[PDB]
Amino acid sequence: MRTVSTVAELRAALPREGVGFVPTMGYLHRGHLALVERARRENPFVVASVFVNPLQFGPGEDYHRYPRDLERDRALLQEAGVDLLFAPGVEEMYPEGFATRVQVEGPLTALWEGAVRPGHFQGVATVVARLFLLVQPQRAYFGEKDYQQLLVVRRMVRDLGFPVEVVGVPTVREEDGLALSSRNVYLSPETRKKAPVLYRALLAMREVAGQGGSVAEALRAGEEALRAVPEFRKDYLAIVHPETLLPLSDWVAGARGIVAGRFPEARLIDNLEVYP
């Protein structure tokens, strides 16, 4: 595998066709592997990027302490069979003079994560748009854990006309159900034991739905599950339309249960299709 740190080397090592792309912020885990694994079975050439994007972090968030270990990410991607790793510094990604932004407007970015993290999705859209133009991939892979982000990217691609197939990959979880995330490293041993509550709440709602319960009944079950862990301060818990993310009054195929909140040392999010 070849690792490049500049746009010049990137464009020079890139094939005109057959490129599968996996954008990441580094400190890779099994979940990222699931993405690489999928890109490889569908594309003759796989490119992965590791770049902690400052544009998608808020002032009081974790940009400075975000986990970083390029060597670990390299060996790892190397073993996974990645053809090309793009690991640029902030200056190569955003040179002096950089002044452009891309953003998806409307309820899609205003709801849920958008209300908690103002400016976050504009940062995601901007960096993904740049990465797409630099990589010119045929297919790009994203995890479903960041469901809203997946929808935002799809909207941007649809609107602007990026000839990119945006593929969502199901979330990889620990045995206790905790969705894998680079930020899980922030969890203390004690908090790590309580962290499975998000997925537990989501499963509780899916259970109710499967048993013929109402959306309202499913929501109550989810809320109850979360209350077993007071240390988890919920930002939101809802069952929404799979495409618009608007709260549902009645079930629809693809109904998505979403939840987010924080422990003292980390904020976690998770989601699951709760119907059918």
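Numbering starts at 1 and runs along the sequence shown.
Participant: Would you tell me which stretch averages the higher CA B-factor in the PDB entry, 93-101 or 71-79?
Facilitator: The entry gives the higher C-alpha B-factor average to 71-79.
Participant: Mean C-alpha B factor from the entry: is it higher for 183-191 or for 117-125?
Facilitator: Taking the mean B-factor of the alpha carbons in each, 183-191 is higher.
Participant: Take the CA temperature factors straight from the PDB entry and tell me which of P23, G261, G254, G18 peaks.
Facilitator: The record points to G18.
Participant: Give the position of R154 by CA B-factor within its chain, expressed as the lowest, middle or highest third.
Facilitator: Bottom third by C-alpha B-factor.
Participant: Could you tell me which third, lowest, middle or highest, the C-alpha B-factor of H29 occupies within its chain?
Facilitator: As the PDB entry reports it, the C-alpha B-factor of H29 lands in the middle third of its chain.
Participant: Please place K145 in the lowest, middle or highest third of its chain by C-alpha B factor as given in the entry.
Facilitator: Middle third by C-alpha B-factor.
Participant: For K234, does the deposited CA B-factor place it in the lowest, middle or highest third of the chain?
Facilitator: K234: CA B-factor falls in the middle third of its chain.
Participant: Could you say whether, by C-alpha temperature factor, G212 belongs to the lowest, middle or highest third of its chain?
Facilitator: CA B-factor rank for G212: highest third.
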